[PDB]
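Structure first, then comments.
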Amino acid sequence: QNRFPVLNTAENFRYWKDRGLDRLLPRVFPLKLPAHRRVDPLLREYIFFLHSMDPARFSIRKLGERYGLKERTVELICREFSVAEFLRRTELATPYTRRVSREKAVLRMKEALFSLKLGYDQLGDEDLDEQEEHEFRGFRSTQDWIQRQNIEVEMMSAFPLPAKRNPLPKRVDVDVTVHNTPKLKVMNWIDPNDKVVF
Amino acid sequence: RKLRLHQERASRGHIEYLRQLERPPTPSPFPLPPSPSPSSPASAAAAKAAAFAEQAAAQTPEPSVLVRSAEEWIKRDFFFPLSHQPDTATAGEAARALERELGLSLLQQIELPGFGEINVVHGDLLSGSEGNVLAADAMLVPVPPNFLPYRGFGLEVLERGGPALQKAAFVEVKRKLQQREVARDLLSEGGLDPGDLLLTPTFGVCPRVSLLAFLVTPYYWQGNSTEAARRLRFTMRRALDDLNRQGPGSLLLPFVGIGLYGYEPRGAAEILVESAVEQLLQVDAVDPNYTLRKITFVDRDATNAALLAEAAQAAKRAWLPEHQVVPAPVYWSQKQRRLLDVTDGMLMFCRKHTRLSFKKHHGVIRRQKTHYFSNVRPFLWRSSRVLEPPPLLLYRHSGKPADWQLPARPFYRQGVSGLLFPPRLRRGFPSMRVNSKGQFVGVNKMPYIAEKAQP
Amino acid sequence: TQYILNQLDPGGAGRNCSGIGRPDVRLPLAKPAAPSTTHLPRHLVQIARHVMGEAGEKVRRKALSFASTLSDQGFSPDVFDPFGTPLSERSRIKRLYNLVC
Amino acid sequence: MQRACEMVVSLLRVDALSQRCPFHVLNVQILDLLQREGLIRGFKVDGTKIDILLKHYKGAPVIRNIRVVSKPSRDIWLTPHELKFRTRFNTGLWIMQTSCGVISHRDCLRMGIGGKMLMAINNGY
Amino acid sequence: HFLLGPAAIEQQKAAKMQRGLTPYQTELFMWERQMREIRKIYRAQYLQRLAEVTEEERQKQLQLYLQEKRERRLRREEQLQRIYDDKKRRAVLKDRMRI
Amino acid sequence: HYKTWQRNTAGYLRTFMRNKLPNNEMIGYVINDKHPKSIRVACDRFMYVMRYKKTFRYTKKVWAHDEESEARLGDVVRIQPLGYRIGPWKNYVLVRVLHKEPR
Amino acid sequence: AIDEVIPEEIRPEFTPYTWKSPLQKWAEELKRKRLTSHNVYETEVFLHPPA
Amino acid sequence: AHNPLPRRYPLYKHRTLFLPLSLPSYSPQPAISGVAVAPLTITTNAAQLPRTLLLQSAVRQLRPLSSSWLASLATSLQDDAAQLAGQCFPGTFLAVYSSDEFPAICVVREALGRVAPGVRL
Amino acid sequence: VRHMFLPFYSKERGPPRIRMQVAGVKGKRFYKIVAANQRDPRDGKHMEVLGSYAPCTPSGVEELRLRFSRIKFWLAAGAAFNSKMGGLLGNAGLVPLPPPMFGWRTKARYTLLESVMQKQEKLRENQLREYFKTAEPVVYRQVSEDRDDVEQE
RNA sequence: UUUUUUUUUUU
RNA sequence: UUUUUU
RNA sequence: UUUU
RNA sequence: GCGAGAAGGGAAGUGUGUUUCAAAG
RNA sequence: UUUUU
RNA sequence: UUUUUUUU
């Protein structure tokens, strides 16, 4: 009835989804795992070393570009590596006997099993910067919270139609730091709604 | 400059936050009503009049709420449309006046004693016809091939020079191309490689320029963003390196990456700046050969120029000991350092029996009202939800607060930060009103506890 | 044609495109065809044809610039690329590739 | 105002082609807005009564539900910021009576003026 | 910069004492005099800045008042024309029926 | 008494505007003009109901004062309040007369 | 500039270049050889040791 | 006064934070320094995209500071066009030019930006 | 321009003043700085809220949130404050630092004592310098070959 | 449930 | 106290 | 108190 | 000399209160 | 309460 | 490869 060969149509939205009797059918799905753990442990040591050696030449952003790592992911590698080494050199406790919540214990098992089947990743595979793309991220993505409407209705006419009312930013209160001392911390309360600045 | 008083620094943050929220207006054009309207005469007359009201609605900012009586407001709402520029949209004259005195109303200079002379980022015209109109080696960023389809800074340069300059360009590339083929054949990718340089004497392009280099640049659409950044760094480093043992030290690289190959003022900017510093110091060199001691950047675009300046600031940080910032919470800890001796017997209570740990008490609230009036209301003294502000950054050596720091952290409910019909708040003149005479007078009333919580 | 390709693959300034349809890209066409030399300038090519010499005027690129009957964007025997720069290689898409995987 | 509420009974018919309606000044203006949206095929003033045609598609009519909000005995008014809450996530048609003539609910929010909800077309709960 | 600067601290110490007064009183009175000068500075600054805002708001009121006056005048005139045109037709028509 | 959320609804705001006049002025028709320099003005007010969302009307008869005694029975006039008490019944002052009944 | 597109198999990911870092070239070489295997890679084994 | 947490089988899984962000303005915005900043899709995650980071970066840079009717229209248009054209001496595409006439068109190209920046020849 | 502050002044209560309040939950009381009259109760009517004060916080450092655009405005109106209030505002730079108890001239022994503490801190620095050259996580002693760990903070 | 942080949408 | 196990 |  | 009902439910229905404005002893 | 089997 | 699966 209509021609639209693209991948952002109503029917093409959320491809490979159960629409019918297949919703109740059990299906296995891949297990997610953070990128900072899938990398080769060997490379983590190397990356940490560089960071700790010369932060100027080896910045947080430049270091992650060569190995293809995000600015946030590379930060955790140094932080997690530091603590592991600190307890070994100082002869405090072994990493295996370290106390940690159950959420991390299950994560460690997955990391070991991930490599035992496929293997560790020699180089990360992720983009440093994001990209505006059409994807389904939760139920709050395909909804307009400003006008609170799902279906947009407009008049059909060839002539220029009047534009819609643009929204205004929401003014909220914030706090800033002016003077900081060991025995006292002074702060300032900002009120954007005040006409007189002074 | 160098605001030492606490009051001056406190007011600086207020202006920065207000500037971000301020947005210039954008009046949209309105179409003319149609004369051959098929509607009935009664509706046609009303529609024609309504069109004029909308035009003035978006071009007539409203005054303060306190100006007119309450009654007046109610009648206007039901008689005229709502203006698009409310009193609580833009800042008043007070904010503009303050910036004049504070000093917020040649851009950057990175100077290193011993290695590099200066690094000026002055932005102005190159071929308009000293800081930025005297050098001896001009740069160019042409397309991979020797023919510019459209756009590009080099398109203008080549045409300006006329056939005299063009003839020299085609001869130099021809010889270089042939040399690569023979060298790669006798000893044992038929095109050019990104990172090559070519020399071309000036032919009247600019009286104040001696040489004119030709450095090829790659594209941006190839690969992802992570791969694109890696490619640009390789070309920059190779270009700079070759230039060193070429001639006198005077670089006039206007702006690399701009044109038609894809550019990013945010990301690309940092690459360039960061690269310049290394060249000067010659980090990647076993045998130091100081030849190049002058690097400058020239940009025509005002917008771009401003952005470039920002990059400079970041570059200066973490490199020079005189501009090394440090958070206050960790700065004081680092000063009062001590050596603590811990024996084996002091860690007896540190160890625990259970291996794993988790929450042993669900956070499920039992009484919603009883708990709220016992542990929520007493601990809440503000009508707005404000999170903990970021820490203050201080210097390492001098131990004084710096000028540039992190911005504010505004909070929004449910993520949405857009209001279509903002109301007229009464917070514009706290404890102040208008008298019959027109003068400003105060009031004596208890403030509403939920004033800011009822937008 | 440009509008149709834009919807099929979003690509412009500051975005990673697949390079499909651009003049400087190799595609697996059913039959041989000449490159798209329409976007090249006419002033620089004409002045460069004489200085290039006979080596790069009749044996480098023109020796195979008219071997095929078909062409792209019409025909232009005067404007061409004397230099032998191969515009090979391509890029993978980010939408269709993620669906089959 | 009473004659305005008498149009829903005549226009809400399945097995019919054209229905009469009392002539009124306000009623004429209402039909103009509905025709723009494509709900009424056409109408004609036959003197003391107005003949209005009915639109059908695959048997069923285009109009399936009519709700009268305003009544002669009272008056419903909503502020510009309150109409959005009422009307949200719907395809319905609300007739708004503003000072500058009569317009739909979509245009009322654009101008930001306080209208008056008269009737509802193709509205659920 | 003087009152809030380091010079204020040393100024209090360099003060002449008086018989019958404690050492702390000499500094307290000196500090009180300084506190009187800061009040005037803030008062003058607030008034100067408030004047700029008051003038800006006055211009908006005048512009809005003029715009509203024209809109009402034009709208009222159009309505009167329709009534006058119709009233004339009835008067002449009524006399015709009487004959 | 009205709640905080009841002062922002269109129903209450519209009723308020009708009742509200410059200088707290009122509109009413005279019903008694027997005593010298005295006229009883009957004013009509309005109120809003937040339960059924309906507005009713209730008459408010008040006494007024006239200097020239121009007003007569059955003539709509305008009244203005005053910050005092004059006479046993007199509580208002005349400004003008809108409509005049023949004799 | 487009015409009838003929299906053709390409490997843009495994494409050595003159600007890639030495580590990237090494990493891609091993990965490429694993996918091209048709004896071990395209097989399913239940037990870990060759029992 | 609440601490949400899972109370079911799926007690340990990736729970990414989502921050819905609708369109900032429905009006058509131009390209900043040639880089398009128009909205492509409505689905936006918490992480700020590079395209949006450019617009917000430039926002903070902008400082707060700074007879018949038909006959009259044509009369003013001619006077304005002539006056503006004479200031340079004492838009649409497709403007061809010859190689030997480059100097003649070069001055015209650079002169239109002083009186009509909207021209994009 | 004294006419603009007439409403503020109250005949029954008194002139305006700046003080603190005591509110919250038992055991975790926090101070709240507000503006009120002289005879007004400690917890009651208030004109405007200037900020708050938390002398006890989890981090161990006393916090202080105040409005820089309101405190200066109120002082011009002629609002007094207690001795303790002046000291806190002095550190923030809003008002001149008031003298401490007994004045400044009497502070003779404290000056010498402060110098000794400062000298000790500088000398301690010199001690740790040598440590970094031969840092040893594990150091024994000639008593029983006992292990003694070393860690900085 | 963060070694050197009093910062952290930790999960 | 046993069984299993990169 | 597996920080009084 | 200055401060002190800081422990008050006894009066009132169209009142006590709320809201809109005004106040150079 | 007690505590490196 | 750690008193790992394994549980006052």
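Here's how to read the names in the structure tokens: chain A, B, ... by the order shown, residue numbers from 1 in each chain, ligand numbers from 1 in the order shown.
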Considering only C-alpha atoms (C1' of nucleotides), extract the chain M residues located within 12 Å of chain B and return them as a PyMOL selection string.
chain M and resi 19-24
Those residues with C-alpha atoms (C1' of nucleotides), as a PDB file, in the first residue's frame please?
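Just written: again-v3.pdb:
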```pdb
ATOM      1  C1'   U M  19      -7.644  36.746  50.726  1.00  0.00           C
ATOM      2  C1'   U M  20      -6.882  41.684  47.827  1.00  0.00           C
ATOM      3  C1'   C M  21      -4.809  46.621  48.810  1.00  0.00           C
ATOM      4  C1'   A M  22      -2.992  50.739  51.572  1.00  0.00           C
ATOM      5  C1'   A M  23       0.014  53.254  55.569  1.00  0.00           C
ATOM      6  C1'   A M  24       6.790  59.773  55.315  1.00  0.00           C
TER       7        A M  24
END
```
Which residues, written as a ChimeraX atom specification, have at least one atom at most 9 Å from segment 115-131 of chain I, with only C-alpha atoms (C1' of nucleotides) counted and residues fewer than 4 positions away on the same chain left out?
/B:335-339 /I:110-111,135-136
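Nearest residue to chain B, choosing from H:13, H:60, H:109, H:120 and counting only C-alpha atoms: H:60.
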Could you list, with a cut-off of 12 Å and counting only C-alpha atoms, the residues of chain A near chain H, each shown with its nearest atom pair and the distance in Å rounded to one decimal, rows sorted by chain and ascending number, as a tab-separated table?
```
residue	atom	partner	partner_atom	distance
A:8	CA	H:41	CA	10.0
A:31	CA	H:13	CA	9.0
A:32	CA	H:14	CA	7.3
A:33	CA	H:14	CA	8.3
A:34	CA	H:14	CA	9.0
A:72	CA	H:47	CA	11.2
A:101	CA	H:12	CA	11.1
A:102	CA	H:12	CA	8.8
A:103	CA	H:12	CA	6.0
A:104	CA	H:12	CA	9.1
A:105	CA	H:12	CA	10.5
A:106	CA	H:12	CA	8.3
A:107	CA	H:12	CA	8.9
A:127	CA	H:50	CA	11.8
A:128	CA	H:50	CA	10.2
A:129	CA	H:50	CA	6.5
A:130	CA	H:49	CA	5.2
A:131	CA	H:49	CA	6.1
A:132	CA	H:49	CA	6.7
A:133	CA	H:41	CA	6.7
A:134	CA	H:41	CA	5.9
A:135	CA	H:43	CA	6.7
A:136	CA	H:43	CA	7.1
A:137	CA	H:45	CA	7.1
A:138	CA	H:18	CA	7.6
A:139	CA	H:20	CA	9.6
A:140	CA	H:20	CA	6.0
A:141	CA	H:43	CA	4.7
A:142	CA	H:43	CA	6.3
A:143	CA	H:22	CA	8.1
A:144	CA	H:22	CA	6.0
A:145	CA	H:22	CA	6.8
A:146	CA	H:22	CA	7.0
A:147	CA	H:22	CA	9.6
A:148	CA	H:22	CA	10.6
A:149	CA	H:22	CA	11.6
A:162	CA	H:27	CA	10.5
A:163	CA	H:27	CA	7.0
A:164	CA	H:26	CA	6.7
A:165	CA	H:26	CA	7.6
A:166	CA	H:25	CA	5.2
A:167	CA	H:25	CA	6.4
A:168	CA	H:24	CA	8.3
A:169	CA	H:24	CA	8.5
A:170	CA	H:24	CA	11.4
```
For the strand (DSSP E or B) assignment from backbone DSSP, which residues of segment 31-95 of chain F qualify? Please present them as a ChimeraX atom specification.
/F:31-32,38-49,54-65,76-80,93-95
Shell of 10 Å around residue 62 of chain C, only C-alpha atoms (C1' of nucleotides), local chain residues under 5 positions omitted, as a PyMOL selection string
chain C and resi 56-57+67+77+80-82
Grab the atom CA of residue 23 of chain B to atom CA of residue 64 of chain H distance for me, in Å with one decimal place.
9.2 Å
Figure out the distance between atom CA of residue 119 of chain A and atom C1' of residue 3 of chain O, please, to one decimal in Å.
28.8 Å
Starting from chain C, keep only residues with some atom at most 8 Å from an atom of chain G, counting only C-alpha atoms, and report them as an MDAnalysis selection string.
chainID C and resid 20:23 27:30 36 72:73 89:92
Taking 3 positions as the minimum chain separation for residues in the same chain, which residues sit within 9 Å of residue 21 of chain D when counting only C-alpha atoms (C1' of nucleotides)? Answer as a CSV table (one decimal) with C-alpha atoms, in the first residue's frame.
```csv
chain,number,residue,atom,x,y,z
D,3,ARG,CA,-29.3,24.7,19.9
D,6,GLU,CA,-28.9,19.6,19.6
D,7,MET,CA,-26.5,18.9,16.7
D,10,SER,CA,-28.6,14.4,14.3
D,11,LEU,CA,-24.9,14.0,13.3
D,24,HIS,CA,-28.1,29.1,14.3
D,48,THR,CA,-34.9,27.5,8.7
D,49,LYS,CA,-32.9,24.3,8.8
D,50,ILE,CA,-29.3,23.2,7.8
D,51,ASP,CA,-28.8,20.0,5.8
D,52,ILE,CA,-25.6,18.3,6.8
```
Chain I near chain J within 9 Å: what's each residue's closest atom pair and its distance in Å to one decimal, counting only C-alpha atoms (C1' of nucleotides), ordered by chain then ascending residue number, as a Markdown table?
```
| residue | atom | partner | partner_atom | distance |
| --- | --- | --- | --- | --- |
| I:58 | CA | J:6 | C1' | 8.3 |
| I:59 | CA | J:6 | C1' | 4.7 |
| I:60 | CA | J:6 | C1' | 7.4 |
| I:61 | CA | J:6 | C1' | 7.4 |
| I:151 | CA | J:4 | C1' | 8.8 |
| I:152 | CA | J:4 | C1' | 7.3 |
| I:153 | CA | J:4 | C1' | 5.9 |
```
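When atom CA of residue 195 of chain B is paired with atom CA of residue 239 of chain B, their separation reads 6.1 Å.
Contacts from chain O to chain B at a cut-off of 12 Å (only C-alpha atoms (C1' of nucleotides)) map to residues 6, 7 and 8 of chain O.
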Would you save the residues of that selection, restricted to C-alpha atoms (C1' of nucleotides), as a PDB file, in the first residue's frame?
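Listed below is the output, part_26.pdb:
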```pdb
ATOM      1  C1'   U O   6      31.593 -25.920  50.399  1.00  0.00           C
ATOM      2  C1'   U O   7      27.022 -23.652  53.608  1.00  0.00           C
ATOM      3  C1'   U O   8      27.437 -20.868  62.801  1.00  0.00           C
TER       4        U O   8
END
```
